[PDB]
Amino acid sequence: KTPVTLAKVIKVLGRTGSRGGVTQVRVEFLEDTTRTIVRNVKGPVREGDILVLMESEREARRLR
Amino acid sequence: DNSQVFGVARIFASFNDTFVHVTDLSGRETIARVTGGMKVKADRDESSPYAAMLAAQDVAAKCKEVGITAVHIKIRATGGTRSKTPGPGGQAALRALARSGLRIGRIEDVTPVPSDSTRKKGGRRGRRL
Amino acid sequence: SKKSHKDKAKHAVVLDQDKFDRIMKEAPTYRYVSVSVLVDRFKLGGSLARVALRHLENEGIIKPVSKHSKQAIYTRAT
Amino acid sequence: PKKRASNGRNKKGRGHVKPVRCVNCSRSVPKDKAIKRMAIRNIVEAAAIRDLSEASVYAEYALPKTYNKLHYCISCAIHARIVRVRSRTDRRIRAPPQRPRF
Amino acid sequence: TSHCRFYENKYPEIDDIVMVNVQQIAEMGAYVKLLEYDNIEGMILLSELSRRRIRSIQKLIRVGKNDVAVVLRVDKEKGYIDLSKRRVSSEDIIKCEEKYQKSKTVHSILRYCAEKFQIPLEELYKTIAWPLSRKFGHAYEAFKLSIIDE
Amino acid sequence: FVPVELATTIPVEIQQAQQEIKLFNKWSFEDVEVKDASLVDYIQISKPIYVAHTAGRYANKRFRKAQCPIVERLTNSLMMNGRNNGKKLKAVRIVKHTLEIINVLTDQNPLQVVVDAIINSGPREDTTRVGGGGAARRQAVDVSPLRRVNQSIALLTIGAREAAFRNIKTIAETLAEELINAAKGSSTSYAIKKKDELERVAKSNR
RNA sequence: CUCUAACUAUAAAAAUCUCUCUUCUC
Ligand SMILES: [Mg+2]
Ligand SMILES: [Mg+2]
Ligand SMILES: [Mg+2]
Ligand SMILES: [Mg+2]
Ligand SMILES: [Zn+2]
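- As deposited, the entry is annotated with cryo-EM as its determination method and 3.35 Å as its resolution.

## As for the nonpolar core
Step number 1: Counting residues in hydrophobic clusters, the biggest one holds 51 residues, and the most contacted among them are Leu23(F), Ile43(F), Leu99(F) and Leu179(F).
Step number 2: Of all elements in the fold, only α2 (70-78), α3 (89-104), α4 (110-121), α5 (145-164) and α6 (171-183) of chain F reach the threshold of two or more residues within this core.
Step number 3: If we skip the residues at most four places from it in the chain, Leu179(F) touches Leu74(F), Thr98(F), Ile102(F), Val113(F), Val114(F), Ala117(F) and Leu156(F).
Step number 4: By size, the runner-up hydrophobic cluster in this structure holds 30 residues, among which are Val71(B), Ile75(B), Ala92(B) and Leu97(B).

## Points about the packing of α2(F) against α3(F)
Geometry of a packed helix pair, given as the angle between the helix axes and the separation of the axes.
All names here are of chain F.
Step number 1: Orientation of α2 relative to α3, taken along the N-to-C sense of each, is 120°, at an axis distance of 9 Å. It follows from the interaxial angle that α2 and α3 lie oblique. Like other packed secondary-structure pairs, α2 and α3 cross with a definite hand, here right-handed. For the pair α2 and α3, contact is made by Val71, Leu74, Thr75 and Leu78 and by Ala91, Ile94 and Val95, respectively.

## Some words on helix α3 (residues 121-136) of chain E
Residues and elements named next belong to chain E.
Step number 1: Taking 1.5 Å of rise per residue, 16 residues should cover 22 Å, and α3 covers 21 Å from first to last C-alpha, within 8% of that figure.
Step number 2: At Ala129, α3 is bent by approximately 35°, the largest bend along its length, and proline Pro131 sits one to four residues beyond.
Step number 3: Two residues or fewer past α3, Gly137 is found with a positive phi of approximately 80°.

## What about the interface of chain D and chain B?
Step number 1: In this complex, chain D contributes 23 residues to the contact, which on the side of chain B involves 28 residues.
Step number 2: Taken together, both faces of the contact between chain D and chain B bury some 2,200 Å²; the carbon and sulfur share is 50%.
Step number 3: Area buried by chain D at its contact with chain B is led by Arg21(D), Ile43(D) and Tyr58(D), which between them contribute 22% of it.
Step number 4: For the interface between chain D and chain B, the tally reads one salt bridge.
Step number 5: Taking the shortest distance from any N to any O, the salt bridge between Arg99(B) and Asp51(D) comes out at 3.2 Å.
Step number 6: At the surface where chain D touches chain B, the tally comes to 14 residue pairs in polar contact.
Step number 7: Mapped by element, the contributors of at least two residues to the side of chain D that touches chain B are α1 (49-54) and β4 (65-72) of chain D.
Step number 8: Tallying contributions element by element places α1(D) first for the side of chain D that touches chain B, with three residues.
Step number 9: Tallied by class, the residues present in the side of chain D that touches chain B amount to 13 nonpolar, five polar and five charged.

## Examining the pairing of strand β2 (residues 29-34) of chain E
Residues and elements named next belong to chain E.
Step number 1: The buried fraction of β2 is high, at five of six residues.
Step number 2: Taken together, the two bridges between strand β1 (residues 17-21) and β2 define a ladder with antiparallel strand orientation. Looking across to β2, one finds that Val20 is bridged to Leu34.
Step number 3: In the sheet, β2 pairs with strand β3 (residues 41-45) via five bridges, with the strands oriented antiparallel.

Parameters and conventions
- Residues numbered from 1 in each chain as written, not as in the entry; some residues may be left out.
- Chains lettered and ligands numbered in written order.
- Part of a larger assembly, values for the part shown.
- Heavy atoms only, no water.
- Residues with missing side-chain atoms left out of burial classes, pairs and counts.
- Core = buried A, V, L, I, M, F, W, Y, C linked by side-chain atoms within 4.5 Å.
- Buried < 20%, exposed > 50% of the residue type's maximum accessible area, 1.4 Å probe, protein only.
- Helix = DSSP H or I, 4+ residues; strand = E, 2+ residues; numbered from the N terminus.
- Contact = heavy atoms within 4.5 Å.
- Axes fitted to C-alpha atoms, helices over the stretch in contact; angles between N-to-C directions.
- Parallel < 35°, antiparallel > 145°, perpendicular 65-115°, else oblique.
- Left-handed = near helix turned anticlockwise from the far one by under 90°.
- Expected span 1.5 Å × (residues − 1).
- Bend = angle between axes of the 7 residues up to and from the residue.
- Buried area = accessible area lost by both parts, 1.4 Å probe.
- Salt bridge = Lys/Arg side-chain N within 4 Å of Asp/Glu carboxyl O.
- Polar contact = N/O pair within 3.5 Å; in protein donor to acceptor, adjacent residues only side chain to side chain.
- Nonpolar A, V, L, I, M, F, W, Y, C, P; charged D, E, K, R; others polar.
- Pairing = 2+ DSSP bridges.

Structure, rendered in structure tokens:
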């Protein structure tokens, strides 16, 4: 199948990673807007973007 | 009760290669044993949350084909004389079990904790690293 | 230097009669025409690609969309 | 010289106590010198509380906690961030770090 | 023209051992071509390339040379492979050697046949090699028999 | 349409109905819409422009790169090598030729083809270097929509460049081929091939 | 002038180094 889902960030939880080049945000689904995840992003984001996810059960873990 | 056919999830999450192993109420009958190392490549991420996630999806699918619709979580650490703290993957395994339609009842921790260890491996000065 | 390309002549340096009927027959049915498109079909060297491409502006076989240098953009006459 | 008038052990009048093993490196360390941390936590964290609540029979099922007293080593305690080097006038203070949250 | 894979289908299976000739290396890994099967490309990643710590790739891979590998995932729509190299057991490499050697013999013989008859290897394999592999599992034993029993 | 008389005679087609700004006086910015919802607001079709050439201060703040016209960003990414680095009028001419070529092939107003190719050729999940030296790991992560736009433009122009290099086809023709192939999901396109291969790497390294 | 609640989770490898030291009295 093609379970491509979307998720609009509601807040950005600083920038993580050893490189210092990835960030961590709290995304909320376009559907069921009470269901949120924490996810890692690689690039410039701000409050308002719509990420595309091929997963929904994954949660972000701080990169070391 | 509305005829929720029950099983016990009985997760075993060591610091490597977590286990998801659902059984009936008695526990004498074993179905859908699929583990963490069953589904992931690196041989080092058998303990990773993604490993337990895929293992949990497989056991959920197999049990749903069986007819069991609700499960009882029995989280177990490696136990014994070992670290006996729950592994990283077991929590993801439980979350994915609760995701895939299955109903959840009576989470228990059943790690084998001793009245004392016989002897803990590593010598008096322990693992030097 | 290292002749590992192993390319041949691969280009009609001089146009031949049968190749003339070839250029004329698929002068249409080539819904987009350019010098590179013309030489893609092995039938033109590339200098005469411009010659044949310019000659086709004789009886309106193809129409120009833009006639900027360094290339050309031609479509079938409809 | 004495870096610690308490010698670190916190024994003062026993002579010998029974050692305990490190959780990480399994170092046979005396039970009073060893740093003990009581990890009381939730068997399912806030990351999945909503999911479990929606997908569980027995409405308003009080989910259980998990309790473990961890007997760290001391090299492990320095390395695993459990305990930190302190100022020589700050070593005086034995009260825990002031109630992380109220 | 060396094409028309040894087996009865052009695509791999999920667990098999294979042997590979490297063609190039990129930063994330190498998308290389399979020789146990005809030509289909697939990735070998650096994390699952070397046994020990990956200090060098030029010394280990030696692009343009032959190595053992296995296949973990398959793309059965247009053709893409995920392969592995560290998970080759001490017993795996030996049977990979023998399998590739017999395959190479049966390939070179029929390649000579195609070159002398100037007919594509596809038709020749479909007419000769495939029924023999069906009957006796591999055409080389059939060649030995034809040497002995006709 | 109401040709205004003046002492200077501007051509009629330049005077016809010019409350209807077109890109090169050939393509309408209306009728062009973004199929994907994630990459909207990071592809600038809203503002009409008469040229794909504007001296805009699109690199002063952090996020103004989005507000730059998408065709302008394609132009600016075409002018990428030492041999041709400052030359932008050449890039504008190349883009104009590519737009005409795309209009010829499957008319499908070429701005929509550009937008669709950019949507398709941008990866949705990527990797990052997280291994602690001793063990080399790539950790699968998600990409910002702005970085999706940037990366899509990057591979599109890179594929056009590598196709045009020591080849008979002009840079405009190769760019048009890449844009057309990336408008659909045709794996023959280099940009879409890199997109798919990077995404499947990231899947392999969850 | 009355008060005990929240939380995790990093240990790859790294050996050695030939000079020469100089005054404070208003
Ligand atoms: Mg140490
Ligand atoms: Mg000292
Ligand atoms: Mg102490
Ligand atoms: Mg006494
Ligand atoms: Zn210790």
